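Undergrad: My questions will all concern the structure given below.
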Amino acid sequence: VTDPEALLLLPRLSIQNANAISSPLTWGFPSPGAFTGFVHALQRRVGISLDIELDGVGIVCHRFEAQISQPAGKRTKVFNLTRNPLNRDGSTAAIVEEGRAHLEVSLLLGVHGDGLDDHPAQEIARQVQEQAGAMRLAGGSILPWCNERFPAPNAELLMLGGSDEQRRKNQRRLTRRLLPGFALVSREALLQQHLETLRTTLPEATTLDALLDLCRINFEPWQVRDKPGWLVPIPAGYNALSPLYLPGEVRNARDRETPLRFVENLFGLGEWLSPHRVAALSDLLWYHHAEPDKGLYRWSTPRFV
Amino acid sequence: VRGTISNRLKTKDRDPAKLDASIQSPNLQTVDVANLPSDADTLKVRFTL
Amino acid sequence: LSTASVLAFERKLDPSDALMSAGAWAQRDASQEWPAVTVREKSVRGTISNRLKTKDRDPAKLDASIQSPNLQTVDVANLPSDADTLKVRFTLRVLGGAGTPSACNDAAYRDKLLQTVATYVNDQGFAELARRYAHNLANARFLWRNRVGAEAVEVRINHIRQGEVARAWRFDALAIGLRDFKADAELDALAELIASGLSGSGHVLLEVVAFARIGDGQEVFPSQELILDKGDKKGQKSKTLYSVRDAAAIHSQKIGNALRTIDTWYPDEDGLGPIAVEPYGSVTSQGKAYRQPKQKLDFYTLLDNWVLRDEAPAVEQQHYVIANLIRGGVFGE
Amino acid sequence: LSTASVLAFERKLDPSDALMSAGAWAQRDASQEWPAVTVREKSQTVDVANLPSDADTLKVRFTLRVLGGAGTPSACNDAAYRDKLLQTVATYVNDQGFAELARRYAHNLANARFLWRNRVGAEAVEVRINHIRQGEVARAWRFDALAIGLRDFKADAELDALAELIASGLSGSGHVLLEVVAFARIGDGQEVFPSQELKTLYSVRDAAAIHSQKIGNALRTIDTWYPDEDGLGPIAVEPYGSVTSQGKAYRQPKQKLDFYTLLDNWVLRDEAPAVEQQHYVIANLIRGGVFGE
Amino acid sequence: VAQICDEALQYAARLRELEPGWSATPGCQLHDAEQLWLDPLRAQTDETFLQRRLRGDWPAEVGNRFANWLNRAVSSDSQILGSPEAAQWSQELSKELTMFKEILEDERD
RNA sequence: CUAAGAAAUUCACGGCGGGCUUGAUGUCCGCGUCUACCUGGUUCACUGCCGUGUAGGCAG
């Protein structure tokens, strides 16, 4: 929530074999909670020898080539899978279905901390790239860079110093470094607008998540409902149900020094604007709030509209 | 050809703003025209039936 | 009673494309095989002269106005220095039977229009239209631009029906005023010829040869053809002079509007120079919309009163009505 | 009371192209049928010709007339703005005539500023001018551009006579047609100079010539009113006009030496400027050109 | 209107930059409008005094041509041409043309 | 510290035989395209003897 002093950048992170399931009822894009987890993992393997912190993250999704197929001319789409090794007897395995996709995306990081003037810009940008090049991203690997040679630099700026037109000049540098991308920010505004326009029947949010990503067809007062943007149902965090257990209580945990809670995951609503719609590029960050007692974990996009 | 709006315009909307917006910058287009040469005066039409 | 959906007529006073030739002295008694004025091209350095924004705070425009200029091609049809007479030669025919519609639809509207225009023609003749058309041929108003600053704009209109000449007309366009609706003797003989051609009692072929005396190689200005967004600056983007085969030329619809002034009762001031006859009588040469449909000087109001509603206008308005029933045009809704 | 949309003002003092022909020393009393300049080639391709090894005086041959009638715009839209412009031009016509502009154009026609590079090299730059209303002579004139300076505003009695006859042609009630025949003594075996296209030279029927827009901008060389350093004298007159071979902007919009501020205060606000600014206004309205955005 | 104009600007920027080489050539009549806006960066072997033909080529010809193409294909109300909906649509078309010019006028800078 | 951490779909094949698409037609009228602009370019760090070396007293 602290307003950043820098916008670190990693311009083309081509990833392979990403996890395009993301939820029990979406399938397209890897969840933005994975991206905030990646930024926090960069903060844990960079921001201990630099005295900074990393919270903001941008999403642009240059191209999205999935790995799908449709069966027998139907209008649904099954996932294609991977084989598995054999058992002790060597017959066949219990093949469980998991999706898979291919992406690239840039990350607009945000450096809140004070270690920006104790180091030059290219040094911190270069070592953040050298650490981000060796880290699994959302269940998938990050591809390195070959001899095409052009986006190999990794930019940065300084939000704390500058004028209004100079910040617009840095914005004109950045938004042309991201020309074909499509941003991603979540809307409570439009979703509460749809609650308080469908509110006569029932305030159930699931029927209006289902009735918003839709090519809806109505009658005379052919007609298809329109929209200025391109909308998506994305998971917007976690909605923990259990009382928080002490660390040694739960059997078979990951480690025995941090507590566990059992969770169903929430659902909100996200969209896809070009980066040239909204002006300030501190509006395209995924901070995530958390609270101990209330079992509500959330991946917001604050300060946006 | 530089034209001018000259058909029967519907006089349920006769505003000098849009009329002068027509007449200041009129439509302009390419029209092809067959003519004789300079010396010749006849017109030999030939077909077969 | 109402009009039809589609009315149309034909281009009575149909002119042709001009042939601007030139030559040496005293051969214009028998000017037959003189060379012509072509369309030849030359470069120009475009340094900007267009208007600029007030309070020019930025010296970037001070630099880029001159430091990066433009270079383009403008074609100029100068006469040869050994020649002085812009011989603008063209021809002009008159169909006649003006009120006969080319493609009407409604028979009753056609009946009232036929009898009303025949009432005009055999009541009050085509001599006023003939005198003003012979005046517009007598001067060089068909030359929209080349009349200004001349010695002797010397017209030679001739009448040909079979393969020979008849007589020799010798004029000026400085003794003949630009704006006078007078009545001379030989000009009314040629106007009587135009009256015989127009009213439908025969047929006429008028070729018009104006010896524009402009100078010993002085610049003349034929019409400019258009261009589209598929060509750059180099490649004659700015001006392209209209031409025929190895000669410059003048359009037919342009002369055919600059020979049809009857309308000198537009409301503002006829003393400010006459106009060109159109329905919704407008002059894009000055961009102003005379004969508003707000008023009752709209031609469509005039024709819908002189045919449909049976209320005849002034005689001068009726001269205007048949001026743009004889120029042609699309009509109807 | 506001600005009209498109302003058309045609080119008064409308020039023509400048032919070239070569004659010899002391053989120039019959300068009527001299041999012209043909296009040669030597070894980009530099197809630039030279004068022959016998003839040296380059007869530069061109004419000029005046259209006149600057009181009416060739295209306008408004009625009251046009009445204000007509009464302002009538105020100038009742104020003063064309004497100053004719004498400054005589200063242009006294030196050899119309020859941009052909002036250097010649020995006695003689300007032969006849008087033409038909195909004969009526009055003759001989000049020399070495006894007549380049930058200095001086008007001799002969220059006053020729400028007065030009002004009689200029006033709009009498027509004049005066040509210029100049003698560029370039030499016996030295370069001819036509205009250049976008080498890319220019030529005419069985001869060579020079373009007309260069003469039309050379004869309007009046501008001594740019505030930086007027040790160079007259330069070309346009709104935002300067010389483009140096690279420096003259008649800045930061001062009040622009035509547009003068026109706005001179027509709209009735804040009428002074006499020499009106001379600049009528100079760049008599050069012709487009006006209005 | 402004949403479709901005989406078309972003898609045309992302799609016109496929090849890494293009300059003035035959059939380049779009290059008078899209030589810097609807076109990627050119080659890097010409003379160094050419940064003013693309750095100064703002979105007034290309963006103005896009606004004129939008106003020539799409239109407004013709019998209600004095009402406020056509005025809001004309202001939206002008704002879309100005936004496209401000977004694509820096194709050399 | 990422609905985290893991993954061999392989093997082979004959699409093939046949066919009448057809008859007729009016594109009809009509227009205002214009005022303009410097190449001598800074022309892409240049030609003729006795020395295939950073040497040239030039009708360049």
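Going by the structure tokens order, chains are called A, B, ..., each with residues numbered from 1, while ligands are numbered from 1 in the order shown.
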Would you mind listing what lies within 9 Å of residue 31 in chain F as a PyMOL selection string, with only C-alpha atoms (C1' of nucleotides) counted and same-chain residues fewer than 6 positions away left out?
TA: (chain B and resi 1-6) or (chain C and resi 253-254+257+329)
Undergrad: Mind checking DSSP for range 39-279 of chain D and telling me the strand (DSSP E) residues as a VMD selection string?
TA: chain D and resid 57 to 62 127 to 129 141 to 142 180 to 185 209 to 210
Undergrad: Excluding residue 13 in chain D and any residue of its chain fewer than 3 positions from it, enumerate the residues within 9 Å of it, using only C-alpha atoms (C1' of nucleotides), and give them as a list in words.
TA: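 Counting only the stated atoms, we get residues 64, 65, 66, 67, 68, 216, 286, 287 and 288 of chain D.
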Undergrad: Any idea what's packed within 10 Å of residue 263 in chain D, counting only C-alpha atoms (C1' of nucleotides), ignoring anything in its chain fewer than 4 positions away? Could you give it as number ranges by chain?
TA: D: 85, 258-259, 267-273, 277-278, 281
Undergrad: Considering only C-alpha atoms (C1' of nucleotides), return as an MDAnalysis selection string whatever protein or nucleic-acid residues lie within 10 Å of residue 153 in chain A, sequence-local ones (same chain, fewer than 5 positions apart) excluded.
TA: chainID A and resid 9:11 122 125:126 129
Undergrad: Within 12 Å of chain E, which residues belong to chain A? Use only C-alpha atoms and report them as a ChimeraX atom specification.
TA: /A:62-63,148,150,168-169,171-173,175-183,226-230,272-279
Undergrad: Can you write just those residues out, N, CA, C and O atoms, as a short mmCIF file (atom, residue, chain, number, x, y, z; two decimals), in the first residue's frame?
TA:
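Contents of the output file selection08.cif:
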```cif
data_model
loop_
_atom_site.label_atom_id
_atom_site.label_comp_id
_atom_site.auth_asym_id
_atom_site.auth_seq_id
_atom_site.Cartn_x
_atom_site.Cartn_y
_atom_site.Cartn_z
N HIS A 62 1.38 -10.62 -23.57
CA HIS A 62 1.61 -10.29 -24.98
C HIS A 62 0.94 -11.29 -25.91
O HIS A 62 0.11 -10.92 -26.75
N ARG A 63 1.28 -12.57 -25.78
CA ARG A 63 0.51 -13.60 -26.46
C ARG A 63 0.30 -14.76 -25.50
O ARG A 63 1.08 -14.98 -24.57
N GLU A 148 18.38 -13.12 -30.45
CA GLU A 148 17.58 -12.12 -31.15
C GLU A 148 17.86 -10.71 -30.64
O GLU A 148 17.61 -9.74 -31.37
N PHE A 150 17.15 -8.04 -28.83
CA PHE A 150 16.63 -6.68 -28.67
C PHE A 150 16.08 -6.35 -27.27
O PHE A 150 16.47 -5.30 -26.74
N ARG A 168 5.25 11.94 -17.42
CA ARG A 168 4.59 11.54 -18.66
C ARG A 168 5.60 11.09 -19.71
O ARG A 168 5.28 10.22 -20.53
N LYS A 169 6.82 11.61 -19.67
CA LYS A 169 7.86 11.16 -20.59
C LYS A 169 8.33 9.75 -20.23
O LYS A 169 8.55 8.91 -21.12
N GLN A 171 6.37 7.63 -18.74
CA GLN A 171 5.23 6.82 -19.14
C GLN A 171 5.23 6.55 -20.64
O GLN A 171 4.87 5.45 -21.08
N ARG A 172 5.63 7.54 -21.45
CA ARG A 172 5.71 7.32 -22.89
C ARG A 172 6.88 6.41 -23.26
O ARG A 172 6.84 5.77 -24.31
N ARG A 173 7.91 6.35 -22.42
CA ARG A 173 8.92 5.31 -22.63
C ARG A 173 8.37 3.93 -22.29
O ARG A 173 8.52 2.98 -23.08
N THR A 175 5.09 2.68 -21.83
CA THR A 175 3.95 2.15 -22.57
C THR A 175 4.25 1.89 -24.04
O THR A 175 3.41 1.29 -24.72
N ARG A 176 5.40 2.33 -24.55
CA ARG A 176 5.89 1.87 -25.83
C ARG A 176 6.87 0.72 -25.71
O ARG A 176 7.08 -0.01 -26.69
N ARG A 177 7.47 0.52 -24.53
CA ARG A 177 8.07 -0.78 -24.26
C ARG A 177 7.02 -1.88 -24.14
O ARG A 177 7.34 -3.05 -24.38
N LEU A 178 5.79 -1.53 -23.78
CA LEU A 178 4.68 -2.49 -23.75
C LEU A 178 3.63 -2.04 -24.75
O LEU A 178 2.60 -1.49 -24.38
N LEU A 179 3.88 -2.29 -26.03
CA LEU A 179 2.88 -1.91 -27.03
C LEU A 179 1.78 -2.95 -27.29
O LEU A 179 0.61 -2.54 -27.31
N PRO A 180 2.02 -4.25 -27.50
CA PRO A 180 0.88 -5.13 -27.82
C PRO A 180 0.17 -5.71 -26.61
O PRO A 180 -0.76 -6.50 -26.79
N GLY A 181 0.58 -5.36 -25.39
CA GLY A 181 0.07 -6.04 -24.22
C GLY A 181 -1.32 -5.58 -23.81
O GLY A 181 -1.78 -4.51 -24.19
N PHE A 182 -1.97 -6.42 -23.01
CA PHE A 182 -3.31 -6.17 -22.48
C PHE A 182 -3.24 -6.27 -20.96
O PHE A 182 -2.97 -7.35 -20.43
N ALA A 183 -3.54 -5.18 -20.26
CA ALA A 183 -3.37 -5.15 -18.82
C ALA A 183 -4.45 -5.97 -18.12
O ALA A 183 -5.35 -6.53 -18.74
N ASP A 226 -23.39 -5.89 -25.41
CA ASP A 226 -22.09 -5.33 -25.72
C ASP A 226 -21.38 -4.87 -24.44
O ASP A 226 -21.94 -4.92 -23.34
N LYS A 227 -20.15 -4.39 -24.62
CA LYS A 227 -19.26 -4.03 -23.52
C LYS A 227 -18.09 -3.24 -24.09
O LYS A 227 -17.62 -3.55 -25.20
N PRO A 228 -17.59 -2.20 -23.40
CA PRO A 228 -16.41 -1.50 -23.92
C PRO A 228 -15.12 -2.29 -23.81
O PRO A 228 -14.25 -2.14 -24.67
N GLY A 229 -14.97 -3.12 -22.78
CA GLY A 229 -13.76 -3.88 -22.56
C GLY A 229 -13.97 -5.38 -22.73
O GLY A 229 -15.02 -5.85 -23.16
N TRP A 230 -12.92 -6.12 -22.37
CA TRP A 230 -12.93 -7.58 -22.45
C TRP A 230 -12.78 -8.13 -21.03
O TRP A 230 -11.77 -7.87 -20.37
N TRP A 272 -9.58 -6.53 -19.08
CA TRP A 272 -8.41 -6.45 -19.95
C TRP A 272 -8.45 -5.13 -20.71
O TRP A 272 -9.03 -5.05 -21.80
N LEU A 273 -7.83 -4.10 -20.15
CA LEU A 273 -7.60 -2.87 -20.89
C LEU A 273 -6.19 -2.85 -21.47
O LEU A 273 -5.29 -3.53 -21.00
N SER A 274 -6.03 -2.06 -22.53
CA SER A 274 -4.71 -1.69 -22.99
C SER A 274 -4.04 -0.81 -21.94
O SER A 274 -4.73 -0.13 -21.17
N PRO A 275 -2.70 -0.80 -21.86
CA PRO A 275 -2.03 0.09 -20.90
C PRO A 275 -2.18 1.58 -21.19
O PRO A 275 -1.85 2.39 -20.32
N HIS A 276 -2.66 1.96 -22.37
CA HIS A 276 -2.82 3.36 -22.74
C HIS A 276 -4.17 3.93 -22.33
O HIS A 276 -4.44 5.09 -22.63
N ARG A 277 -5.01 3.15 -21.66
CA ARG A 277 -6.28 3.69 -21.18
C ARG A 277 -6.08 4.50 -19.90
O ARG A 277 -6.34 5.71 -19.87
N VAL A 278 -5.61 3.85 -18.86
CA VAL A 278 -5.39 4.48 -17.57
C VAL A 278 -4.01 5.12 -17.58
O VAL A 278 -3.05 4.53 -18.09
N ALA A 279 -3.91 6.33 -17.04
CA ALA A 279 -2.70 7.12 -17.25
C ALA A 279 -1.55 6.64 -16.38
O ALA A 279 -0.57 6.09 -16.88
#
```
Undergrad: Figure out the distance between CA of residue 52 in chain E and CA of residue 68 in chain C, please, to one decimal in Å.
TA: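 Straight-line distance from CA of residue 68 in chain C to CA of residue 52 in chain E works out to 7.5 Å.
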Undergrad: Just want the 8 Å neighbourhood of residue 59 in chain A, counted on only C-alpha atoms (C1' of nucleotides), with same-chain residues fewer than 3 positions away dropped. Output as a list in words.
TA: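 Close residues of residue 59 in chain A: residues 105, 106, 107, 108, 182, 183, 184 and 284 of chain A.
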Undergrad: Could you write out that same residue set with N, CA, C and O atoms as a PDB file, in the first residue's frame?
TA:
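Now in selection.pdb:
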```
ATOM      1  N   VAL A 105       4.829 -12.439 -20.583  1.00  0.00           N
ATOM      2  CA  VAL A 105       4.240 -11.353 -19.820  1.00  0.00           C
ATOM      3  C   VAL A 105       5.396 -10.524 -19.287  1.00  0.00           C
ATOM      4  O   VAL A 105       6.491 -11.043 -19.057  1.00  0.00           O
ATOM      5  N   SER A 106       5.184  -9.221 -19.171  1.00  0.00           N
ATOM      6  CA  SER A 106       6.146  -8.379 -18.486  1.00  0.00           C
ATOM      7  C   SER A 106       5.678  -8.153 -17.062  1.00  0.00           C
ATOM      8  O   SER A 106       4.496  -8.293 -16.745  1.00  0.00           O
ATOM      9  N   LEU A 107       6.616  -7.786 -16.204  1.00  0.00           N
ATOM     10  CA  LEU A 107       6.299  -7.508 -14.815  1.00  0.00           C
ATOM     11  C   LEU A 107       6.739  -6.091 -14.491  1.00  0.00           C
ATOM     12  O   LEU A 107       7.922  -5.762 -14.612  1.00  0.00           O
ATOM     13  N   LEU A 108       5.783  -5.254 -14.099  1.00  0.00           N
ATOM     14  CA  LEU A 108       6.065  -3.907 -13.610  1.00  0.00           C
ATOM     15  C   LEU A 108       6.230  -3.999 -12.103  1.00  0.00           C
ATOM     16  O   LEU A 108       5.263  -3.928 -11.350  1.00  0.00           O
ATOM     17  N   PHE A 182      -1.972  -6.419 -23.014  1.00  0.00           N
ATOM     18  CA  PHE A 182      -3.308  -6.169 -22.482  1.00  0.00           C
ATOM     19  C   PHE A 182      -3.245  -6.271 -20.964  1.00  0.00           C
ATOM     20  O   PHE A 182      -2.969  -7.347 -20.429  1.00  0.00           O
ATOM     21  N   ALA A 183      -3.542  -5.179 -20.263  1.00  0.00           N
ATOM     22  CA  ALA A 183      -3.371  -5.147 -18.815  1.00  0.00           C
ATOM     23  C   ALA A 183      -4.449  -5.971 -18.117  1.00  0.00           C
ATOM     24  O   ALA A 183      -5.348  -6.531 -18.743  1.00  0.00           O
ATOM     25  N   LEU A 184      -4.362  -6.048 -16.792  1.00  0.00           N
ATOM     26  CA  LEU A 184      -5.294  -6.875 -16.032  1.00  0.00           C
ATOM     27  C   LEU A 184      -5.429  -6.256 -14.650  1.00  0.00           C
ATOM     28  O   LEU A 184      -4.466  -6.251 -13.882  1.00  0.00           O
ATOM     29  N   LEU A 284      -1.512  -0.090 -11.999  1.00  0.00           N
ATOM     30  CA  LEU A 284      -1.514  -1.424 -12.584  1.00  0.00           C
ATOM     31  C   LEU A 284      -0.733  -2.403 -11.716  1.00  0.00           C
ATOM     32  O   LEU A 284       0.055  -3.207 -12.214  1.00  0.00           O
TER      33      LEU A 284
END
```
Undergrad: Write down, as a PDB file with N, CA and C atoms (P, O5', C5', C4', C3', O3' and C1' of nucleotides), in the first residue's frame, each residue of chain F that has any atom within 10 Å of an atom of chain D, counting only C-alpha atoms (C1' of nucleotides).
TA:
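Everything below was put into selection.pdb:
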```
ATOM      1  P     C F  34      -9.295  24.701 -61.561  1.00  0.00           P
ATOM      2  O5'   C F  34      -8.996  25.922 -60.594  1.00  0.00           O
ATOM      3  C5'   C F  34      -7.748  26.042 -59.940  1.00  0.00           C
ATOM      4  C4'   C F  34      -7.879  26.880 -58.701  1.00  0.00           C
ATOM      5  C3'   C F  34      -6.595  27.190 -57.962  1.00  0.00           C
ATOM      6  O3'   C F  34      -5.877  28.245 -58.565  1.00  0.00           O
ATOM      7  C1'   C F  34      -8.292  26.569 -56.424  1.00  0.00           C
ATOM      8  P     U F  35      -4.281  28.329 -58.430  1.00  0.00           P
ATOM      9  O5'   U F  35      -4.027  29.891 -58.299  1.00  0.00           O
ATOM     10  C5'   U F  35      -5.059  30.753 -57.845  1.00  0.00           C
ATOM     11  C4'   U F  35      -4.684  31.403 -56.543  1.00  0.00           C
ATOM     12  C3'   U F  35      -3.202  31.392 -56.217  1.00  0.00           C
ATOM     13  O3'   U F  35      -2.497  32.428 -56.877  1.00  0.00           O
ATOM     14  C1'   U F  35      -4.492  30.809 -54.294  1.00  0.00           C
ATOM     15  P     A F  36      -1.182  32.102 -57.740  1.00  0.00           P
ATOM     16  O5'   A F  36      -0.006  32.156 -56.670  1.00  0.00           O
ATOM     17  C5'   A F  36       0.654  30.967 -56.263  1.00  0.00           C
ATOM     18  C4'   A F  36       0.913  30.949 -54.778  1.00  0.00           C
ATOM     19  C3'   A F  36       2.221  30.305 -54.348  1.00  0.00           C
ATOM     20  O3'   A F  36       3.311  31.206 -54.427  1.00  0.00           O
ATOM     21  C1'   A F  36       0.443  29.473 -53.014  1.00  0.00           C
ATOM     22  P     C F  37       4.264  31.229 -55.721  1.00  0.00           P
ATOM     23  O5'   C F  37       5.717  31.013 -55.113  1.00  0.00           O
ATOM     24  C5'   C F  37       6.132  31.758 -53.975  1.00  0.00           C
ATOM     25  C4'   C F  37       6.463  30.869 -52.799  1.00  0.00           C
ATOM     26  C3'   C F  37       7.764  30.079 -52.921  1.00  0.00           C
ATOM     27  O3'   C F  37       8.408  30.003 -51.652  1.00  0.00           O
ATOM     28  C1'   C F  37       5.964  28.589 -52.579  1.00  0.00           C
ATOM     29  P     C F  38      10.004  30.160 -51.561  1.00  0.00           P
ATOM     30  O5'   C F  38      10.472  30.132 -53.084  1.00  0.00           O
ATOM     31  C5'   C F  38      11.207  29.035 -53.622  1.00  0.00           C
ATOM     32  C4'   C F  38      12.103  29.493 -54.742  1.00  0.00           C
ATOM     33  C3'   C F  38      13.191  28.511 -55.162  1.00  0.00           C
ATOM     34  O3'   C F  38      13.499  28.731 -56.540  1.00  0.00           O
ATOM     35  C1'   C F  38      14.190  30.462 -54.295  1.00  0.00           C
ATOM     36  P     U F  39      14.166  27.573 -57.436  1.00  0.00           P
ATOM     37  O5'   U F  39      15.679  28.053 -57.600  1.00  0.00           O
ATOM     38  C5'   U F  39      16.694  27.162 -58.041  1.00  0.00           C
ATOM     39  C4'   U F  39      17.671  26.849 -56.936  1.00  0.00           C
ATOM     40  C3'   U F  39      18.904  26.046 -57.328  1.00  0.00           C
ATOM     41  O3'   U F  39      19.933  26.871 -57.848  1.00  0.00           O
ATOM     42  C1'   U F  39      17.951  25.169 -55.329  1.00  0.00           C
ATOM     43  P     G F  40      20.559  26.620 -59.307  1.00  0.00           P
ATOM     44  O5'   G F  40      21.953  27.393 -59.263  1.00  0.00           O
ATOM     45  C5'   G F  40      23.188  26.690 -59.231  1.00  0.00           C
ATOM     46  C4'   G F  40      24.079  27.198 -58.124  1.00  0.00           C
ATOM     47  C3'   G F  40      24.051  26.391 -56.834  1.00  0.00           C
ATOM     48  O3'   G F  40      24.960  25.304 -56.870  1.00  0.00           O
ATOM     49  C1'   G F  40      23.829  28.710 -56.351  1.00  0.00           C
ATOM     50  P     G F  41      24.430  23.793 -56.980  1.00  0.00           P
ATOM     51  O5'   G F  41      24.671  23.191 -55.524  1.00  0.00           O
ATOM     52  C5'   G F  41      23.604  22.598 -54.798  1.00  0.00           C
ATOM     53  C4'   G F  41      23.107  23.507 -53.702  1.00  0.00           C
ATOM     54  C3'   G F  41      23.895  23.491 -52.401  1.00  0.00           C
ATOM     55  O3'   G F  41      25.069  24.286 -52.441  1.00  0.00           O
ATOM     56  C1'   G F  41      21.574  23.370 -51.934  1.00  0.00           C
ATOM     57  P     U F  42      26.474  23.690 -51.931  1.00  0.00           P
ATOM     58  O5'   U F  42      26.201  23.268 -50.417  1.00  0.00           O
ATOM     59  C5'   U F  42      26.006  24.248 -49.405  1.00  0.00           C
ATOM     60  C4'   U F  42      26.433  23.748 -48.047  1.00  0.00           C
ATOM     61  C3'   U F  42      26.880  22.297 -47.972  1.00  0.00           C
ATOM     62  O3'   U F  42      28.207  22.094 -48.431  1.00  0.00           O
ATOM     63  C1'   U F  42      25.431  22.783 -46.160  1.00  0.00           C
ATOM     64  P     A F  59      45.494  28.630 -63.044  1.00  0.00           P
ATOM     65  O5'   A F  59      44.694  28.600 -64.425  1.00  0.00           O
ATOM     66  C5'   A F  59      44.593  29.776 -65.218  1.00  0.00           C
ATOM     67  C4'   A F  59      43.677  29.600 -66.408  1.00  0.00           C
ATOM     68  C3'   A F  59      42.445  28.737 -66.197  1.00  0.00           C
ATOM     69  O3'   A F  59      41.397  29.441 -65.553  1.00  0.00           O
ATOM     70  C1'   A F  59      43.471  28.202 -68.274  1.00  0.00           C
TER      71        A F  59
END
```
Undergrad: To one decimal in Å, tell me the separation between CA of residue 237 in chain D and CA of residue 221 in chain D.
TA: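 Spanning CA of residue 237 in chain D to CA of residue 221 in chain D is a straight-line distance of 6.2 Å.
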Undergrad: Could you name the residues that touch residue 9 in chain F at 12 Å or less, counting only C-alpha atoms (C1' of nucleotides), but leaving out those on the same chain fewer than 3 positions away, as a PDB file with C-alpha atoms, in the first residue's frame?
TA:
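Dumped everything to out-v3.pdb:
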```pdb
ATOM      1  CA  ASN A  80      -4.395 -32.694 -23.352  1.00  0.00           C
ATOM      2  CA  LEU A  81      -2.141 -34.333 -20.845  1.00  0.00           C
ATOM      3  CA  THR A  82       1.188 -35.979 -20.058  1.00  0.00           C
ATOM      4  CA  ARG A  83       1.862 -39.637 -19.405  1.00  0.00           C
ATOM      5  CA  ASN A  84       3.102 -40.825 -16.042  1.00  0.00           C
ATOM      6  CA  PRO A  85       5.589 -43.503 -14.951  1.00  0.00           C
ATOM      7  CA  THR A  92      -0.566 -47.881 -16.219  1.00  0.00           C
ATOM      8  CA  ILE A  95      -3.830 -40.156 -14.920  1.00  0.00           C
TER       9      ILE A  95
END
```
Undergrad: Tell me as a ChimeraX atom specification which residues belonging to chain A come within 8 Å of chain F, counting only C-alpha atoms (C1' of nucleotides).
TA: /A:22-23,33-38,40-41,44,82-85,136-139
Undergrad: Calculate how many Å separate CA of residue 268 in chain A from CA of residue 236 in chain A, rounding to one decimal.
TA: 5.4 Å
Undergrad: Extract the full set of alpha helix (DSSP H) residues from range 54-202 of chain C according to DSSP on the backbone, and format it as an NGL selection string.
TA: :C and (59-64 or 107-123 or 127-138 or 186-198)
Undergrad: Near chain C, which residues of chain B fall within 10 Å when you count only C-alpha atoms, and what do they look like as a ChimeraX atom specification?
TA: /B:1-11,13-16,19-26,28-30,33,35-38
Undergrad: Could you list the residues in chain C lying within 9 Å of chain E, using only C-alpha atoms, and format the result as an mmCIF file with N, CA and C atoms, in the first residue's frame?
TA:
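Writing done, so here's part-v8.cif:
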```cif
data_model
loop_
_atom_site.group_PDB
_atom_site.id
_atom_site.type_symbol
_atom_site.label_atom_id
_atom_site.label_comp_id
_atom_site.auth_asym_id
_atom_site.auth_seq_id
_atom_site.Cartn_x
_atom_site.Cartn_y
_atom_site.Cartn_z
ATOM 1 N N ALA C 64 12.401 23.993 -37.191
ATOM 2 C CA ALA C 64 11.857 23.045 -38.162
ATOM 3 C C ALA C 64 11.020 23.691 -39.263
ATOM 4 N N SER C 68 14.224 22.099 -41.847
ATOM 5 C CA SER C 68 13.734 20.943 -42.601
ATOM 6 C C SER C 68 12.610 21.400 -43.526
ATOM 7 N N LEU C 228 -4.944 11.207 -54.826
ATOM 8 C CA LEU C 228 -5.376 10.422 -53.678
ATOM 9 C C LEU C 228 -4.192 10.180 -52.737
ATOM 10 N N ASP C 229 -4.414 9.333 -51.728
ATOM 11 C CA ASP C 229 -3.436 9.071 -50.680
ATOM 12 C C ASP C 229 -2.466 7.944 -51.030
ATOM 13 N N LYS C 230 -2.272 7.652 -52.316
ATOM 14 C CA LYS C 230 -1.342 6.616 -52.748
ATOM 15 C C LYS C 230 -0.071 7.190 -53.364
ATOM 16 N N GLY C 231 0.130 8.494 -53.280
ATOM 17 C CA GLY C 231 1.309 9.123 -53.853
ATOM 18 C C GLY C 231 1.957 10.083 -52.879
ATOM 19 N N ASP C 232 3.288 10.079 -52.867
ATOM 20 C CA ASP C 232 4.063 10.912 -51.957
ATOM 21 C C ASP C 232 4.187 12.328 -52.521
#
```
Undergrad: Using only C-alpha atoms, can you tell me which of C:320, C:306, C:221, C:144 comes closest to residue 109 in chain C?
TA: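 When distances to residue 109 in chain C are compared using only C-alpha atoms, the smallest one comes from C:306.
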